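Working notes for the structure below.
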Amino acid sequence: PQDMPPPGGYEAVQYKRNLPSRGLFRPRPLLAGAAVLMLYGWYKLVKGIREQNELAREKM
Amino acid sequence: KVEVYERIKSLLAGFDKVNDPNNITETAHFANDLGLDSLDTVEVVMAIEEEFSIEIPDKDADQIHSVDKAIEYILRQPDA
Amino acid sequence: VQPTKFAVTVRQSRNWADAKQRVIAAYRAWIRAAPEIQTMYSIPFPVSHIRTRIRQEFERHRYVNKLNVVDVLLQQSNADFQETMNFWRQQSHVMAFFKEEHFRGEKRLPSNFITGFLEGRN
Amino acid sequence: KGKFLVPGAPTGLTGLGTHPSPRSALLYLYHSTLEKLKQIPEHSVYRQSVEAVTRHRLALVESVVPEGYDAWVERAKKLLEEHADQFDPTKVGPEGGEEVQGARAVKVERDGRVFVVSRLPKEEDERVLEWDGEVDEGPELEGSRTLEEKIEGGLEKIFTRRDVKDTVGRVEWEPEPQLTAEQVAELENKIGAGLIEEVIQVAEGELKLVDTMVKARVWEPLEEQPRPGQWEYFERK
Amino acid sequence: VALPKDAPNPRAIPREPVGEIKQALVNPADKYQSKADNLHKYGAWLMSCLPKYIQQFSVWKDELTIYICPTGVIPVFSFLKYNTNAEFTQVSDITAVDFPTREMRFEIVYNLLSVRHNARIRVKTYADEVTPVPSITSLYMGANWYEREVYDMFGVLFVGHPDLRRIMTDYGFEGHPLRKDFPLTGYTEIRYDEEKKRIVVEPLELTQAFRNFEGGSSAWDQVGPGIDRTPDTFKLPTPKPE
Amino acid sequence: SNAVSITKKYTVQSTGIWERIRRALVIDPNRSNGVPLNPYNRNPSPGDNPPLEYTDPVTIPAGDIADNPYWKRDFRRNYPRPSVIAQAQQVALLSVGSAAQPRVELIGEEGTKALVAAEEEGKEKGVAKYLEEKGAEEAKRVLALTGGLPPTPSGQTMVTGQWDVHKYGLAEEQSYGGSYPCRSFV
Amino acid sequence: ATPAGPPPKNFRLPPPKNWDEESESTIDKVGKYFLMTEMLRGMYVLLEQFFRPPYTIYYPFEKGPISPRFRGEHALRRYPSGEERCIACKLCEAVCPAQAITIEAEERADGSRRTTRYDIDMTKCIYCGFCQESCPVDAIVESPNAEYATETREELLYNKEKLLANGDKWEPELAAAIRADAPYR
Ligand SMILES: *P(=O)(O)OCC(C)(C)[C@H](O)C(=O)NCCC(=O)NCCSC(=O)CCCCCCCCCCCCC
Ligand code: SF4
Ligand code: SF4
């Protein structure tokens with residue numbers, strides 16, 4: 001015979017724009033994250049430079 | 001005015017299409033006197049043009065048919 | 001010259017007084033331009049040879065007594081002028097207008113009967 | 001909210017923006033077209049074709065009337081009558097004046113009908129507008145100057161122009177009421193040629209063709225016959 | 001290889017056998033008779049509205065052609081650009097055809113499109129080696145380069161055109177290649193000259209001469225005369241007997 | 001959404017722990033990687049497709065042995081001619097009508113000489129002289145052929161069965177939604 | 001610009017929305033600006049490719065796929081007997097789109113109709129395959145060989161001694177490709 005389609009036809013293929021929104025790139029979870037990172041870092045820095053200043057008092 | 005003749009006069013002396021030198025006067029006509037053709041005129045005026053470092057417009061170049069007309073155009077141009 | 005530097009809108013000569021005015025203005029521009037053509041295209045000829053050769057190309061059509069024939073011959077000139085004054089033509093096209101830069105040279109037809117016979121029609 | 005079309009809002013077609021007054025523009029163009037058709041003889045099919053089509057569209061345009069139109073037109077009739085010299089093309093030019101920062105109108109007559117062409121000063125941001133938009137011709141010539149130089153500098157315009165705030169001898173021309181956005185849609189469903197703004201583009205094309213159709217006298221007999229064997233190709237038999 | 005597991009082999013599926021295939025015979029010209037009457041009507045209306053220039057009109061299938069005087073170019077294209085029933089606002093193509101057996105060698109063919117009416121129209125005029133044609137770049141900006149091609153390839157000259165220069169050929173090229181007297185391989189060839197250090201231009205020699213197999217055209221005509229297909233609305237009424 | 005499951009997409013799949021890893025750290029789990037399947041794609045090659053399986057078909061009318069004379073199906077030699085009408089022809093058509101619709105009965109004799117009266121006037125005078133001299137009354141008649149308006153040109157679709165413009169309308173569902181400056185048209 | 005008849009239902013755009021009519025929270029709008037979230041998504045798609053198999057083929061050890069209909073360099077074939085199939089009809093010379101074939105024939109010593117010249121300008125040929133569709137004896141074919149760059153273009157003037165040598169070389173593969181595609185020809 002010839003090259004013909006299957007008896008019931010081929011199934012539908014995906015052709016529409018899919019592009020699904022992910023939480024990883026939405027602004028609200030990222031804004032919250034960047035903020036907690038800077039707040040944790042600012043707590044760690046405020047403790048370190050206090051200790052550094054006290055080490056300097058002992059050195060002097 | 002004596003120079004603008006002297007430089008033009010020697011120029012036509014070397015121009016070959018001039019029928020014969022010594023026919024060059026203050027009022028010499030390019031066609032009647034010198035026997036220069038319609039396209040020999042343009043060649044002459046171009047030599048007239050370049051020697052004095054000025055560009056002749058078409059509206060003015062069509063007027064340059066006699067030597068005296070050539071003189072009165074070059075005097076009117078401030079540069080030389 | 002709106003679209004290009006040396007563009008001229010295609011015009012049809014109104015009469016012989018007009019048609020001769022345009023021819024003379026065409027010849028004037030070409031022989032004016034000969035120094036500018038000789039430096040850009042590095043033509044190894046005198047400006048005088050260029051000008052005398054420009055004259056020949058107008059001397060070919062001196063006996064045209066048709067006004068419709070002059071306008072096409074004028075448009076051809078204007079277009080040639082535009083492509084030469086803009087550096088659009090290559091040195092190869094320009095110095096190929098001089099018919100002595102063939103390795104056979106200007107002498108390319110046989111001179112008379114006998115010399116073309118001994119060479120097989122040149 | 002959406003009762004009226006924003007003027008100059010995009011239509012969907014790029015470069016074509018919503019007409020400020022679509023109905024009167026179309027009426028002006030049709031009547032102007034009908035007036036130039038009298039330069040053409042009656043027996044030309046061109047004129048009959050343009051006349052019939054133009055009158056057909058002119059009838060449907062006039063079929064819709066903006067609300068308050070009868071009320072507005074009565075005031076506008078009087079407002080023209082008592083202040084005619086304010087809107088006269090022979091007095092204030094084809095433009096309604098030279099003070100482009102002020103309102104400009106002119107009464108124009110076409111084909112037994114009266115129109116006012118009002119040109120409105122452009123709405124610009126106050127943060128960018130210098131001198132309320134008064135055009136800058138440059139500085140005045142100062143110093144020792146000649147009589148001729150002062151004239152070419154515009155000095156005689158002192159005794160002609162007016163302060164834009166100077167509105168005592170003048171009256172404000174009030175614009176015509178517009179169609180609604182739904183009325184415009186109904187106009188479109190009658191004429192059957194797409195968007196109203198796109199119909200004005202075609203309509204002002206018919207106006208320009210009459211000038212070329214008269215200059216060329218297209219109704220005159222054939223100029224150049226086909227000489228024999230001109231449109232003959234390669235047909236057999 | 002990890003198979004998709006719910007995407008089976010599309011080749012493994014068996015196909016329902018096709019037996020006797022039957023196709024009706026159609027004459028593709030027959031689909032165009034329903035519009036044959038209006039295409040004639042539109043061409044008849046056009047030449048009554050512009051009797052000064054429209055010499056004739058032809059209709060082949062879906063194509064209406066208008067034949068015009070060369071001096072009518074600006075009026076005719078204006079009417080076909082700015083008429084409300086002739087809203088032909090695109091030039092699709094302008095080209096020439098050469099007929100050296102005619103006194104006017106060149107036929108100028110314009111193809112126009114009306115997006116408003118989903119319609120096409122062809123306009124034909126004529127030109128010569130010296131007889132110029134009006135340019136229509138006053139009406140269609142897109143026609144500018146087309147006329148440069150017709151000029152470059154045929155020598156036809158377009159009065160009014162801004163910058164009518166060559167568009168296709170080389171800069172010092174002499175000749176018009178689409179002319180039927182112009183030879184296929186031209187008259188000149190180029191090469192690099194070592195002794196001159198540039199590319200030079202030479203008279204044409206071909207290592208193999210071009211073999212033209214035109215002589216093998218059938219001694220017998222193979223198409224015949226065709227069939228007349230004019231609407232009865234554009235035929236002359238016949239005189240009934242008695 | 002618009003996606004269909006990866007399991008129906010005829011690409012190589014990730015398996016086991018790597019499938020769980022992929023379906024976690026990936027934008028769209030239903031997206032394929034574009035790698036085709038060896039047991040399915042171009043398998044077998046066209047060089048191993050059996051020569052004897054394929055059949056070159058004929059259709060019954062044109063390919064039969066017993067009920068088709070070639071000259072019924074020679075549509076190349078039944079090609080339409082171009083139908084040409086010049087200015088002389090249209091003068092006659094307006095003068096005396098058309099085989100579809102005559103202006104005069106043209107019965108027997110003294111109608112044949114009226115049929116050249118149409119043809120003779122056509123050569124002598126264009127459609128322009130003809131319209132000038134019989135007045136603007138028959139300028140109205142040229143439009144009376146198409147109902148009093150000029151005719152509009154023919155469209156080129158026939159999807160509705162009649163030649164017409166295509167009715168371009170907005171599709172029911174837009175592919176970008178209103179979110180992008182691009183509309184979809186059906 | 002739109003078709004004749006009624007304008008399309010809602011062809012005209014809606015009126016434009018002012019900035020404060022837009023439906024996008026300032027938090028979402030400002031975050032997407034400063035965090036550059038859509039650019040972050042695209043960089044993530046390149047990480048996805050990084051961990052996918054490449055498409056590359058190691059050539060010349062692995063070759064790309066070619067069909068039985070492939071159009072490579074020409075060959076002149078024989079019969080099982082050993083006689084050349086070519087009988088000098090010149091059909092392949094008439095149909096050549098680029099005039100790349102030059103054939104001179106005469107009567108062979110035994111009276112058979114055979115070519116004396118058979119040249120193919122491999123630098124004129126467009127590899128259309130027309131020459132092999134027109135053959136009545138399958139004499140001229142195009143082998144699947146695409147790897148024959150040469151040094152001089154004199155090597156690209158195939159004469160009848162090279163085209164027969166090619167057919168002798170490539171016959172199994174030529175017979176195989178013909179066997180696959182003959183039903184469709
Ligand atoms: P005088 O009155 O004697 O002559 C004036 C003319 C010549 C106008 C005649 O009176 C006349 O009427 N002759 C017929 C009109 C005529 O000359 N027709 C043609 C004019 S156009 C023409 O001749 C163009 C020539 C070629 C232009 C280009 C020349 C230079 C090209 C190459 C330059 C060098 C390489 C870049
Ligand atoms: S190869 Fe085939 S087509 Fe060509 S000359 Fe020989 S028999 Fe004829
Ligand atoms: S494939 Fe080459 S040789 Fe064969 S017909 Fe085509 S161009 Fe000529």
Side-chain angles (χ1 to χ4, degrees), chain D residues 12-16 192-195 198-199 201-203 205-206 208-209, chain E residues 31-32 35-36 38-43 45-47 49-50 53-54 57-68 72-97 107-125 133-150 158, chain F residues 82 150-160 162-169 185, chain G residues 1-5 7-8 11:
Chain D
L13 284 157
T14 307
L16 187 83
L195 276 188
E198 184 178 1
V199 178
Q201 183 177 1
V202 188
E206 197 64 287
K208 199 179 77 68
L209 188 56
Chain E
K31 88 179 85 159
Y32 300 114
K35 84 190 315 199
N38 269 311
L39 277 166
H40 272 91
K41 271 161 196 150
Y42 194 85
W45 167 70
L46 269 177
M47 65 179 288
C49 296
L50 310 153
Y53 307 115
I54 297 172
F57 69 95
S58 60
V59 165
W60 173 57
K61 274 185 175 186
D62 57 304
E63 330 220 31
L64 159 67
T65 305
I66 291 292
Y67 292 91
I68 69 150
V73 160
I74 303 293
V76 172
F77 282 89
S78 292
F79 181 92
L80 286 176
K81 185 184 169 191
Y82 304 118
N83 191 264
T84 177
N85 300 70
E87 182 65 26
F88 290 100
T89 55
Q90 272 216 348
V91 162
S92 299
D93 197 67
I94 314 173
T95 191
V97 190
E107 175 187 83
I108 323 294
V109 189
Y110 308 73
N111 271 287
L112 305 176
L113 169 75
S114 166
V115 170
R116 176 147 280 120
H117 306 288
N118 191 15
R120 286 190 189 268
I121 196 165
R122 178 185 313 159
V123 179
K124 279 179 176 187
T125 195
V133 176
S135 163
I136 59 159
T137 77
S138 57
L139 292 163
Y140 309 89
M141 320 174 258
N144 193 280
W145 272 25
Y146 287 117
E147 277 152 40
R148 285 184 62 191
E149 183 178 1
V150 180
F158 288 88
Chain F
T152 44
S154 287
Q156 305 167 148
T157 306
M158 284 199 315
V159 58
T160 74
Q162 288 69 240
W163 295 103
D164 199 340
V165 309
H166 184 83
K167 299 291 180 68
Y168 284 103
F185 270 78
Chain G
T2 61
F11 179 81

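Only heavy atoms go into these numbers, but all of them, side chains included; no hydrogens, no water, no symmetry mates. Below, read A as the first sequence line, B as the second, and so on, with proteins coming before strands; counting in each chain starts at 1.
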Please list, one pair per line, the donor and acceptor atoms closer than 3.5 Å that link side chains of residues 136-143 of chain E to other protein atoms, with sequence neighbours excluded.
| residue | atom | partner | partner atom | Å |
| --- | --- | --- | --- | --- |
| E/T137 | OG1 | E/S135 | OG | 3.4 |
| E/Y140 | OH | E/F88 | O | 3.3 |

Is there a side-chain contact between E/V115 and E/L113 (heavy atoms, below 4.5 Å)? yes
E/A96 versus E/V150, closest heavy-atom pair with distance: CB-CG1, 3.8 Å
Taking all atoms of both residues into account, what is the closest heavy-atom pair of E/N38 and F/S154, and its distance? CB-OG, 3.8 Å
What pairs with E/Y67 under ring-ring contact (aromatic ring centres under 6.0 Å, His included), at least two apart in sequence or on another chain? D/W231
Chi angles and distances behind the side-chain contact (heavy atoms from CB on, under 4.5 Å) call for E/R120, E/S92: CA-CA 9 Å; E/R120 286 190 189 268; E/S92 299; 3.5 Å; yes
Under the criterion side-chain contact (heavy atoms from CB on, under 4.5 Å), which of E/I66, E/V76, E/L80 is the partner of E/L50? E/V76
Sub-4.5 Å side-chain heavy-atom contact between E/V91 and E/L112: yes
Heavy atoms of E/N85 and F/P153 approach each other most closely as O-CD, 3.3 Å
Considering all heavy atoms of both residues, which atom of D/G205 and which atom of E/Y82 are nearest to each other, and what is their separation? O-CB, 3.4 Å
Using side chain to side chain contact (heavy atoms under 4.5 Å, CB included) as the criterion, list what pairs up with E/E87, not counting sequence neighbours. D/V202, E/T89, E/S114, E/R116, E/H117
Residues in ring-ring contact (aromatic ring centres under 6.0 Å, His included) with E/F158, at least two apart? none
Sequence-distant partners of E/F77, ring-ring contact (aromatic ring centres under 6.0 Å, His included), two or more places apart: E/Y110
Are side-chain heavy atoms of E/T65 and E/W60 found at a separation under 4.5 Å? no
Under the salt bridge (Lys or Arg N to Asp or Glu O under 4.0 Å) rule, collect the residues that match up with E/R122, sequence neighbours excluded. E/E63
Rounded distance (nearest 0.5 Å) linking atom CZ of E/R148 with atom CH2 of E/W145: 6.5 Å
For the student: nearest non-hydrogen atoms of E/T125 and E/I68, plus distance: OG1-O, 3.2 Å
Looking only at heavy atoms, which two atoms of F/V165 and G/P3 are closest? And how far apart? CG2-CB, 3.6 Å
Once rounded to the nearest 0.5 Å, what's the spacing between atom CG of E/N118 and atom CH2 of F/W163? 9.5 Å
Can you measure from NZ (E/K35) to OH (E/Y42) and round to the nearest 0.5 angstrom? 12.5 Å
